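Colleague: If you scroll down you'll find the structure; I have some questions about it.
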Amino acid sequence: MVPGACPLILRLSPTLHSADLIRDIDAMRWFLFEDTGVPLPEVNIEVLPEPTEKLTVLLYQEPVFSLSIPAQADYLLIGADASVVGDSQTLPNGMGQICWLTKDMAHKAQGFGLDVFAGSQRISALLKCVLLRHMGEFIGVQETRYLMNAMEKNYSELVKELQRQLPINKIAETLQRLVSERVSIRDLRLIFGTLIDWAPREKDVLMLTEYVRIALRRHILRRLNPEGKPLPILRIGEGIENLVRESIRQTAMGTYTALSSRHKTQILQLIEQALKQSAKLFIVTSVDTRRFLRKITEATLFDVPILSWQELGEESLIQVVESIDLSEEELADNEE
Amino acid sequence: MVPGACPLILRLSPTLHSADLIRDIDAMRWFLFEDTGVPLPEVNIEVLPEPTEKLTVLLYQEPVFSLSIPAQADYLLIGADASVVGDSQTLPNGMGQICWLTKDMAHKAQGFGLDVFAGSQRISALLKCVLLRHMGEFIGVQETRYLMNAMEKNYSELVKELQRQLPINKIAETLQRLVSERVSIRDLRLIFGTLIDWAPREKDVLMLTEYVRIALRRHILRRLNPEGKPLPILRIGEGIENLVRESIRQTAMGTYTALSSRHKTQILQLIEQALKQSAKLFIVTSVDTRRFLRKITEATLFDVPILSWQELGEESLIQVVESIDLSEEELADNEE
Amino acid sequence: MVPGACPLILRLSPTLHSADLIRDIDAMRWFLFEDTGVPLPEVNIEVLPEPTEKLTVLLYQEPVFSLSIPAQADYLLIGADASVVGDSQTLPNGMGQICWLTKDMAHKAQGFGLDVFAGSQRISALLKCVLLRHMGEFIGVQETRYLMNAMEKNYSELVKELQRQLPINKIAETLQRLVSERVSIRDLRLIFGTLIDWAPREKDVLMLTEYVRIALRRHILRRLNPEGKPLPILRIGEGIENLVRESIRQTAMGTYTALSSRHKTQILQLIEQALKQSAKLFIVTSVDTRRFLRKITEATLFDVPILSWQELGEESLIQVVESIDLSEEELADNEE
């Protein structure tokens, strides 16, 4: 009886276990830390004797992932495309797609310019995927405390000033909000500086997160697209922007949105209908409506990034693909 | 004369005592801790010389369970079903049902896919049942203090921040309220984080418990149904919802419900009449009426879970079975 | 997993690496410190095995510079002019221009009175260029703390009085604002004295930065032109000055500018059109409009210096080249 659930459990059949799985998992953890700034806890491996090849991932002892690999599962390719086809299944909780390939098909797919995993790697490519879906569950008050203690080696004055400006709960909330939107918190020096700059003039954690996002726009654009090539952008029309802006209500803890269920459902439906034509799109809205749009779209569309006009500079061309726009619904259908 | 009643006493006849009873009881305690997050105290075994095979369970020296096993009691099956029939009695305080089976009938029931206990196990399966009915009696201020002290090994900052936000009596009240509704408090890290997040914006312990329940909805649904198969759902109609919502009165300590005895009795009667058609149903109501419905139904219907719409996500289909709805009674019978 | 991104990474192919690169880089860092007052962190050299000669510069692990040198790249000349022509490419993020020259052409260009780099020097001349574009990213609260601690050896009383007058966040903000406009902070004694003088009478960090700029006008003019020869000056007309002055709005944290997007775009367009006739021009405006003009022109025109009338004394002749002037746009086009 030890209070506190074990953070990370990976349960595997004895066949799936390998001698190099530990180092492979550690390398995946180091890659995730470098890519996101979130230091993950150690993965606890549990060998489960089972005739059927099954693997499960439990976060804090709650099963979040389960998958039975087929008997022919020897080469794995995350995602789907035209050049590769065969033995494709969709992972639960809308993580993405996985394809199982034979040796020659895996070789030709690797030659095509894709990553193919064999052996223990196939486990990591799965675990990493799951770990990428629940990153925000690994950054809280204690983890923020750990990051701040680590930052005191070279930035003792910065950490002291940040603590002078904000309590640890607000810092943890800001870091968690950043992590939940796939924004890396690797650059703690810049994030802490931005929080110090804006804390006296702003008490709302959501607005502080928006300011930090603006300060990190270089990294956000670098991660969204490695190259300067024009990636498609879907603009939110002025009708939706004003509809969501008029719903902003301010209380002592900051501003929230007060929109009807019909409105949110119709914007979500039209956005989803406007997302099926291409694999990836970036939704761009105004500065004062980006966070509210995200929080009314994060429940269903979690993997789509919501960008703000201030988050893209004037040195990047926009290549607008579509322009989604609607007016109110309850008062009058209007555009909807 | 030692002040403080002994928490857990199991009194057995010498025949029922076994050499492996201690380890069996300890395993049951470890299972209960893993399933509920509540660390139970040590069970004190008292051998009572009696010609009649009897066992009693006393919580804090008050007899809460008593049962005389028959002479043919050698295989025990908790619950009732169609495939198994014979020597069935109903446990007191509406715990459930117990069936005593012969060797061949126990073998066929085990083959049918049920759990059958023989020997000392039959005691534990009974004790565990009793322990599952009075879990909320083992989580108080001292037990909350113990859990927080245990959590300080890896989450010292989290515990310090929680103490900064809330006094120990409110934390204990929240934990007890969670335990009383069969919500596991195993994930203390998430519960403490939610309490830290919502404590500045909310002083009502019931509302804080509701927020923690919302944060734990993944585990709640996982426990209510292990699989994704559609389990039946009984919706509370809008008439009952508005009737109970109009009765909300707010004082300095928070909001309570002020409903007539006739109203509560009629809702309880109709809910019970709507529960007899199937073995298990999940009552689903609005967010602002879930706690009040629970506290007006917990006295009689303790084993039925009251869920809120926010507690089920949009990724689960609802399969509505019935729609209970009534208007007021005293002003006019209306639907009732 | 070490929290805190590595500040300075230079990634080179093994061919570009040299035995004297370390000392060359250190000399460049000492020159930059002497010229700007900003102590740079150590450059971390990473040798990347690649068939193509490529070099990248990453600030806090974010790639900010990338360039593939050609096979004939043996002599490098930063900038462009009439006497030198051949193999010229433009660096990204509008840093400037680079020209690759052959041995005899490099010799004749050096004789013409220009600096030509061969070997490891060609790397530094590139890195320095990049380091000159992002100097403001190396001066924050921790770096300000370091400079103040260094200043306590000979100016303990001055540092104590400055701390008595201002908190470290405001001092860091002032230093960063000075560095971002290519104003050296080498003379910390004078900057701290000015901040002590003006802190009781002024709480706005932007106004304090303006006062420090006024106190440092001797160095600013010395850096802008080494000689007393007449360098061209572009005056901002009274219409633009009054248009931007009427937009000044004051809140509890100081004064900001509230101008329409059309206004800012038209002033930027006319300034850019008025900058193409000559290689270098100095924009001169009023004292109360210099900072606002800079902050509405820094995003696009970062390398052009915005001067104030108080920043030039009466001992220097002005040699006005152009007089840009416009009225409002939205109310009426007027001059625009």
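All of this is worked out from the model, or read from it or from the source named; no laboratory instrument gave them. Here Cβ is always computed from backbone atoms with ideal geometry, including for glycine, and neighbour counts include all displayed protein chains.
Colleague: Output the number of residues of region A:7-21 satisfying the condition of being β-branched (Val, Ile, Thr) and either farther than 23 Å from B:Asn154 by Cα or part of a loop (DSSP other than H, G, I, E, B) (or both).
Modeller: 1
Colleague: Which of the residues that make up region A:184-204 are without any contact (Cβ under 8 Å) to a residue 40 or more places away in the chain and either surrounded by 17 or more Cβ atoms within 10 Å (Cβ to Cβ) or touching a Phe, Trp or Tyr at 6+ places or on another chain (Cβ under 8 Å) (or both)?
Modeller: Across region A:184-204, the qualifying residues are A:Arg189, A:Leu190, A:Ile191, A:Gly193, A:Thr194, A:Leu195, A:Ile196, A:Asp197, A:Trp198, A:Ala199, A:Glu202.
Colleague: Here are the criteria: (1) surrounded by fewer than 21 Cβ atoms within 10 Å (Cβ to Cβ); (2) over 19 Å from B:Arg213 (Cα atoms); (3) more than 8 Å from chain A (Cβ to nearest Cβ). Tell me which single one B:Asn154 does not satisfy.
Modeller: Unmet condition: (3).
Colleague: Residues of region A:290-309 being buried (at least 20 other Cβ atoms within 10 Å of the Cβ), hydrophobic (A, V, I, L, M, F, W, C) and out of contact with any helix residue (DSSP H, G or I) (no Cβ under 6 Å at 6 or more places or on another chain), which ones?
Modeller: Within region A:290-309, A:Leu293, A:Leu307 qualify.
Colleague: Quick one: is B:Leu126 buried (at least 18 other Cβ atoms within 10 Å of the Cβ) and under 30 Å from B:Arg177 (Cβ atoms)? Step through it out loud before you land on a result.
Modeller: On the way: buried (at least 18 other Cβ atoms within 10 Å of the Cβ): yes; under 30 Å from B:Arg177 (Cβ atoms): yes.
For B:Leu126, the condition - buried (at least 18 other Cβ atoms within 10 Å of the Cβ) and under 30 Å from B:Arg177 (Cβ atoms) - is met.
Colleague: Return yes when B:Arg213 is surrounded by fewer than 18 Cβ atoms within 10 Å (Cβ to Cβ), under 25 Å from the mean Cα position of the chain (by Cα) and either of a type in the set (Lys, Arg) or within 30 Å of B:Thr300 (Cα to Cα) (or both) and no when it is not. Before you say what the answer is, go through the steps one by one.
Modeller: Details: surrounded by fewer than 18 Cβ atoms within 10 Å (Cβ to Cβ): no; under 25 Å from the mean Cα position of the chain (by Cα): yes; either of a type in the set (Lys, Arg) or within 30 Å of B:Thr300 (Cα to Cα) (or both): yes.
Criteria not met by B:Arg213.
Colleague: Output yes when any residue across region A:80-102 is touching a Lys or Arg at 6+ places or on another chain (Cβ under 6 Å) and either more than 30 Å from B:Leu190 (Cβ to Cβ) or surrounded by fewer than 16 Cβ atoms within 10 Å (Cβ to Cβ) (or both), and no when none is.
Modeller: Of all residues in region A:80-102, those touching a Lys or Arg at 6+ places or on another chain (Cβ under 6 Å) come to A:95.
The next check asks that each one be either more than 30 Å from B:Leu190 (Cβ to Cβ) or surrounded by fewer than 16 Cβ atoms within 10 Å (Cβ to Cβ) (or both); those that pass are none.
No - not one qualifying residue is present in region A:80-102.
Colleague: In region B:234-247, what count of residues is obtained for those that are of a type outside the set (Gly, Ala, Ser), touching a residue at least 60 places away in the same chain (Cβ under 8 Å) and crowded, with 16+ Cβ neighbours inside 10 Å?
Modeller: Number of matching residues: 5.
Colleague: For region C:317-334, which positions are farther than 14 Å from C:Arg235 by Cβ and either in the same structural domain as C:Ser286 (by CATH) or surrounded by 15 or more Cβ atoms within 10 Å (Cβ to Cβ) (or both)?
Modeller: Of everything in region C:317-334, those that are farther than 14 Å from C:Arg235 by Cβ and either in the same structural domain as C:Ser286 (by CATH) or surrounded by 15 or more Cβ atoms within 10 Å (Cβ to Cβ) (or both) turn out to be C:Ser327, C:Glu328, C:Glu329.
Colleague: B:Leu331: free of Cβ contacts under 8 Å to residues at least 60 places away in the same chain and in a loop (DSSP other than H, G, I, E, B), yes or no?
Modeller: yes
Colleague: Among the residues of region B:313-326, is there at least one that is in a helix (DSSP H, G or I), more than 30 Å from A:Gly94 (Cβ to Cβ) and touching a strand residue (DSSP E or B) at 6+ places or on another chain (Cβ under 6 Å)? Reasoning before the result, please.
Modeller: Residues of region B:313-326 that are in a helix (DSSP H, G or I), as a first pass: none.
Within region B:313-326 (the criterion being in a helix (DSSP H, G or I), more than 30 Å from A:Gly94 (Cβ to Cβ) and touching a strand residue (DSSP E or B) at 6+ places or on another chain (Cβ under 6 Å)), the answer is no, since none of the residues qualifies.
Colleague: Oh, and also: If only one of A:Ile271, A:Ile296, A:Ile240, A:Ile267 is part of a helix (DSSP H, G or I), more than 25 Å from A:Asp35 (Cβ to Cβ) and touching a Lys or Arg at 6+ places or on another chain (Cβ under 8 Å), which one is it? Spell out how you get there, then give the answer.
Modeller: Working: A:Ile271 fails: touching a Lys or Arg at 6+ places or on another chain (Cβ under 8 Å); A:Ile240 fails: touching a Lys or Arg at 6+ places or on another chain (Cβ under 8 Å); A:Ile267 fails: touching a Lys or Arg at 6+ places or on another chain (Cβ under 8 Å).
One residue alone meets the criteria, A:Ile296.
Colleague: How many residues does region A:171-188 contain that are closer than 17 Å to A:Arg291 by Cα and more than 10 Å from every other protein chain (Cβ to nearest Cβ)?
Modeller: 9
Colleague: Turning to a different aspect of this structure: Only one of (1) buried (at least 17 other Cβ atoms within 10 Å of the Cβ); (2) closer than 30 Å to A:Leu188 by Cβ fails for C:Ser13. Which number is that?
Modeller: Only one criterion is unmet by C:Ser13, namely (2).
Colleague: Are there any helices (runs of 4 or more DSSP H) wholly within region B:127-188 with 2 or more residues that are within 22 Å of A:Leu8 (Cα to Cα), and if so which?
Modeller: B:141-151, B:156-165
Colleague: When the residues of region A:243-263 are filtered to those that are part of a helix (DSSP H, G or I) and either within 24 Å of A:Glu322 (Cβ to Cβ) or outside the structural domain of A:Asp288 (by CATH) (or both), which remaining residue is nearest to the chain's Cα centre (by Cα)? Even if it seems obvious, please write down each step before you answer.
Modeller: So the first thing to find is which residues in region A:243-263 are part of a helix (DSSP H, G or I), and the list is A:243-245, A:261-263.
Then drop every residue that is not either within 24 Å of A:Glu322 (Cβ to Cβ) or outside the structural domain of A:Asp288 (by CATH) (or both), which leaves A:243-245, A:262-263.
Numbers: A:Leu243: 27, A:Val244: 24, A:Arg245: 25, A:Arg262: 27, A:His263: 25 Å.
By that ranking, first place goes to A:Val244.
Colleague: Here's a follow-up. Kindly provide the set of residues from region B:121-158 that are without any contact (Cβ under 8 Å) to a residue 60 or more places away in the chain, polar (S, T, N, Q) and out of contact with any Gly (no Cβ under 9 Å at 6 or more places or on another chain), ordered by number.
Modeller: The answer is B:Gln142, B:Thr144, B:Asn149, B:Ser156.
Colleague: Restricting to region A:209-233, what's the tally of residues that are within 17 Å of A:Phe292 (Cβ to Cβ) and in contact (Cβ under 8 Å) with a residue 40 or more places away in the chain?
Modeller: 4
Colleague: B:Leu147: aliphatic (A, V, I, L, M), within 18 Å of B:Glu42 (Cβ to Cβ), crowded, with 17+ Cβ neighbours inside 10 Å and not assigned by CATH to the domain that holds B:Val57, yes or no?
Modeller: Considered against the rule, which asks whether it is aliphatic (A, V, I, L, M), within 18 Å of B:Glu42 (Cβ to Cβ), crowded, with 17+ Cβ neighbours inside 10 Å and not assigned by CATH to the domain that holds B:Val57, B:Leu147 comes out as yes.
Colleague: Checking C:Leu58 against (1) at positive phi; (2) within 14 Å of chain A (Cβ to nearest Cβ), which test does it fail?
Modeller: (1)
Colleague: Moving on. Of all residues in region A:189-216, which are assigned to a helix (DSSP H, G or I), away from chain C (no Cβ under 11 Å) and basic (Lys, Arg)?
Modeller: Of everything in region A:189-216, just one residue is assigned to a helix (DSSP H, G or I), away from chain C (no Cβ under 11 Å) and basic (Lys, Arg), namely A:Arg213.
Colleague: Any residue in region C:18-37 that is surrounded by 13 or more Cβ atoms within 10 Å (Cβ to Cβ), within 14 Å of chain A (Cβ to nearest Cβ), under 24 Å from A:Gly193 (Cα atoms) and within 20 Å of the chain's Cα centre (by Cα)?
Modeller: Checked region C:18-37: no residue is surrounded by 13 or more Cβ atoms within 10 Å (Cβ to Cβ), within 14 Å of chain A (Cβ to nearest Cβ), under 24 Å from A:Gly193 (Cα atoms) and within 20 Å of the chain's Cα centre (by Cα).
Per-residue answers, yes or no, for (1) under 25 Å from the mean Cα position of the chain (by Cα); (2) aliphatic (A, V, I, L, M):
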residue	(1), (2)
C:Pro51	no, no
C:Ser66	yes, no
C:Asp87	no, no
C:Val116	yes, yes
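Colleague: Right, another one. Across region A:61-79, which residue is surrounded by the most Cβ atoms within 10 Å (Cβ to Cβ) among those that are more than 11 Å from chain B (Cβ to nearest Cβ) and under 20 Å from B:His219 (Cα atoms)? Outline the logic, then answer.
Modeller: Going through region A:61-79, the residues more than 11 Å from chain B (Cβ to nearest Cβ) turn out to be A:65, A:67-79.
Still in the list and also under 20 Å from B:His219 (Cα atoms): A:65, A:67.
Values: A:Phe65: 22, A:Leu67: 16.
My answer is A:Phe65.
Colleague: With respect to A:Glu161, is the statement that it is free of Cβ contacts under 8 Å to residues at least 24 places away in the same chain, away from chain B (no Cβ under 12 Å) and either acidic (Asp, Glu) or buried (at least 20 other Cβ atoms within 10 Å of the Cβ) (or both) true?
Modeller: Considered against the rule, which asks whether it is free of Cβ contacts under 8 Å to residues at least 24 places away in the same chain, away from chain B (no Cβ under 12 Å) and either acidic (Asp, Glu) or buried (at least 20 other Cβ atoms within 10 Å of the Cβ) (or both), A:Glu161 comes out as no.
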